[PDB]
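Analysis of the macromolecular model
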Amino acid sequence: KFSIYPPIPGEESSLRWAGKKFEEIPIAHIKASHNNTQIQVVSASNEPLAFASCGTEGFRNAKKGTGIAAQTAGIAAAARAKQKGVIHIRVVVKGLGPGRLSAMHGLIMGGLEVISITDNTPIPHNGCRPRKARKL
Amino acid sequence: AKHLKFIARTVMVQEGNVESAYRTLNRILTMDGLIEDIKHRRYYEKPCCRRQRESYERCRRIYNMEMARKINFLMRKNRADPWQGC
Amino acid sequence: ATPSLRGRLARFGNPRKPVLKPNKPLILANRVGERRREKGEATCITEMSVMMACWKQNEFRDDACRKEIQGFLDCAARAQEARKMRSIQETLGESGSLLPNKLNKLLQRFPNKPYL
Amino acid sequence: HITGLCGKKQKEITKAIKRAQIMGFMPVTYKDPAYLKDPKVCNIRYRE
Amino acid sequence: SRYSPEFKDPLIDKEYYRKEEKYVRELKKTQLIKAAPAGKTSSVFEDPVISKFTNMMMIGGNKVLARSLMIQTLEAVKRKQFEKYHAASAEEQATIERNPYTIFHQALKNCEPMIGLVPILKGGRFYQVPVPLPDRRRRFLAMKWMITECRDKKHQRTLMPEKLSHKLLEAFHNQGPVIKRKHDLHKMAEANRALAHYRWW
Amino acid sequence: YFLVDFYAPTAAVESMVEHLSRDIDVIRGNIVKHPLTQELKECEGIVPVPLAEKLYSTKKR
RNA sequence: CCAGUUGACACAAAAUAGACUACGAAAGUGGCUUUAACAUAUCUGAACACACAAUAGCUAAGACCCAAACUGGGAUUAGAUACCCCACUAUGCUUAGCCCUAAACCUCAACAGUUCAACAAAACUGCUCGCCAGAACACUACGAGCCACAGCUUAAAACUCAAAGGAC
Ligand SMILES: [Mg+2]
Ligand SMILES: [Mg+2]
Ligand SMILES: [Mg+2]
Ligand SMILES: [Mg+2]
Ligand SMILES: [Mg+2]
Ligand SMILES: [Mg+2]
Ligand SMILES: [Mg+2]
Ligand SMILES: [Mg+2]
Ligand SMILES: [Zn+2]
């Protein structure tokens, strides 16, 4: 009953959501930064659908990456997407912050349903030595 | 980059219950061993501080395993007054 | 499974290095860790967002956004009831972990014997 | 702890895994999809 | 402690006693009873809303005068209604309403602030935290706003009953100072779409 | 994944790896010694590890 | 010429195994392949000697994702030359030379063997190299020696002390 296992693209994905193949569902990039949150729904062919960031909401400070503001931004992005035809999306989370689950909840409220919780966060295997330590 | 794009870390969702898939992805990431890695990569961990962190983690893990074993062994005694003699 | 731990402390016979430098002695204490509680989370997020959206669409009248304000108030009442239920269960039944007093009394019945 | 192998055996297994990852006999950031038919060897905590 | 741990207040409910229950009645009987107060006389005319309104309007502990002034202002409102209906013009009962229950309902509807404000700082700067509130707190805040608006005491010309009547008639038609204050509170709450997570409780 | 077994000398593995890296059609591949040549050390499962063998002094404290 | 998918894509290192004690006289060393291999089937034996030896700093050899002392500013206190942020010079590096320091602390010396003052790692039996038997002065001056010139190894002297010092 719905195998969460990696759905390989081999013959053949026999699961459609209102006429949509898993190998063609529009992508939804949600950068969950520490003190910021952005909603950039990039289509498969790199097209726009809902680039509604917290900067356009009104505030340009730490108020970006929060809960209620992030959910409102996600709802606005979901409305903008539904105005163009999207509904189903493959969330691509980036970074760890308040804009991780609140954005998904706002998108669900708007109307967009999530089918996969993908996360391509930056995992440097001892590569880029991060910023030095800091004190309080 | 040179790896296949959408195959791994693809926790599917259904029934409109993203909380279940969210918790599943969280459990997967915790069992894999990368959430703490990224949290510590948020800044530069000094080699001294890194070794201290690893030592403290190993010590706490050994202590937790010992405590869990002791609990699983001694959870039998949980009645009340079986003898009532005193 | 309990991992190895022989060649990890700085002892006489041990000729290796002290890879594990415990800051305190490894003696199973007669107490257990305390379970956290309380956290500034401020629930009611979806209803707050939908109420904000409704107020943005309309103005600030209670007769216009009644469909959303009623749900917001219901969710606030449900959050208060859940807070009360949690405060009550803190003394009745603890979710996840067990009452530390139980293990405390159990260890008091059969405490440690490290000093022989 | 979960797998339950010995020191030498686990060392050899991980060395072979690393050799296959470097040379090019196994995907690094994921598992080979062409060889998924494998019984429950390890106690996969995730997915229960 | 001025109240004695022995004596306890009574139970004035009596309408239900006109037809488990016997045990509750025996328990109520076996209770150190006290006498009822005069100010908060729970009689037939003890309307909780108007009772609280008079209690708030109470000055110098003169709840009698507060209730008298409230009744007089209600009578003046009804007299204005009659002037618009019976006293002066002809009885036009089809386009005039003399029931203050409609006014009370409109007030309860469009005079309740559903978002509280508590200055909860975090570090060293005050931050407004929009926290929800239950029905009791909302009704109490609505009553307090109505009463403090009716008690302007700053025009330096209007009288207490005239002030109350004028403010009530202004707030009736979905306007007035109370509804404007509610709208301002809603706007202020909307202005903080992110600063709603600094709550300790 | 072609496998070409051979018996090359000792001081030639690095040269062969460099030659392979120089090739264009060859993707990659590290020349590792024969795996079956490594005589396995006959191990017999895990042994019962004992508990802590004295790690603290004996004092009432 | 900034934030998000894809395409030619880092002269630094490898994450889960790291929940393993593995190898070295010490620091130290874990993604793979290799050129060689770790003396002692009697032990100790030089700080008049031989080999060296974390990082630290310097002269050239290129610059890097990131950071980079001092620096510029922003809010900041009477004051900040610091605690929050952005960029950077030498630098964290190798390709060629160094100086020769450490909390080099596991502050428990090597060899064969047995069952306590307090913190700590319970006591030792026989043998051996080095060191000490007051504190600041004294990781110093004076000597001696060093590719080192504000440096490094041993290293004091007069005065003050009623003390210095470790554990609970
Ligand atoms: Mg390098
Ligand atoms: Mg040395
Ligand atoms: Mg940089
Ligand atoms: Mg400075
Ligand atoms: Mg540089
Ligand atoms: Mg060391
Ligand atoms: Mg000797
Ligand atoms: Mg010596
Ligand atoms: Zn093994």
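cryo-EM is the method the PDB entry lists for this structure, together with a resolution of 3.9 Å.

With that settled, the discussion passes to helix α1 (residues 7-23) of chain D. An α-helical segment advances 3.6 residues per turn. Residues three or four places apart therefore align on the same side. All names here are of chain D. Counted at 1.5 Å a residue, the expected span for α1 with its 17 residues is 24 Å, and the 24 Å between its end C-alpha atoms agrees. Taken residue by residue, α1 has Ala 20, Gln 21 and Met 23 as its buried positions. Taken from the residues just after α1, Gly 24 is the one with a positive phi, measuring 130 degrees.

Moving on, we come to the UniProt feature "domain: CHCH" in chain C. Mapped onto this numbering, the UniProt entry gives "domain: CHCH" at residues 41-83 of chain C. Taken end to end, residues 41-83 of chain C has its terminal C-alpha atoms 12 Å apart, with 70% of it in helix and 0% in strand.

On to the interface of chain A and chain B, then. Listed as interface residues are 35 residues of chain A and, on the opposing side, 22 residues of chain B. For the chain A and chain B pair, buried surface summed over both sides reaches about 3000 Å², with 67% attributable to carbon and sulfur atoms. Summed over the shared surface of chain A and chain B, the result is zero salt bridges. Where chain A meets chain B, there are nine residue pairs in polar contact. Put simply, the parts of the chain that give the side of chain A that touches chain B at least two residues each are α3 (101-110) and β5 (113-119) of chain A. The biggest single contributor to the side of chain A that touches chain B is β5(A), with seven residues. Within the side of chain A that touches chain B, the residues separate by chemical class into 18 nonpolar, nine polar and eight charged. Two strands pair when backbone bridges link them, and β5(A) and strand β1 (residues 10-12) of chain B are joined in this way by three bridges, in the antiparallel orientation. Considered in β1(B), the bridge of A:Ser116 is made with B:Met12.

The next point concerns the state of the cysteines. Here, disulfide denotes a covalent bond that connects the sulfur atoms of two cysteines. All names here are of chain C. Evaluated as defined, the whole model comprises one disulfide over all chains. With its sulfur 2.0 Å from that of its partner, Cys 54 forms a disulfide with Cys 65. Between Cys 54 and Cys 65 the sulfur-sulfur dihedral comes to about -105 degrees; the bridge is accordingly left-handed. Residue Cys 54 is found in helix α1 (residues 46-57), and its partner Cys 65 is found in the loop between α1 and α2 (66-89); the two are separated by eleven residues along the sequence. Take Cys 54 and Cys 65: they sit in the same class, and that class is buried.

The rules behind the values
Residues numbered from 1 in each chain as written, not as in the entry; some residues may be left out. Chains lettered and ligands numbered in written order. Part of a larger assembly, values for the part shown. Heavy atoms only, no water. Helix = DSSP H or I, 4+ residues; strand = E, 2+ residues; numbered from the N terminus. Expected span 1.5 Å × (residues − 1). Buried < 20%, exposed > 50% of the residue type's maximum accessible area, 1.4 Å probe, protein only. UniProt positions renumbered as here; feature names shortened; annotations may be inferred. Contact = heavy atoms within 4.5 Å. Buried area = accessible area lost by both parts, 1.4 Å probe. Salt bridge = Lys/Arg side-chain N within 4 Å of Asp/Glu carboxyl O. Polar contact = N/O pair within 3.5 Å; in protein donor to acceptor, adjacent residues only side chain to side chain. Nonpolar A, V, L, I, M, F, W, Y, C, P; charged D, E, K, R; others polar. Pairing = 2+ DSSP bridges. Disulfide = S-S within 2.5 Å.

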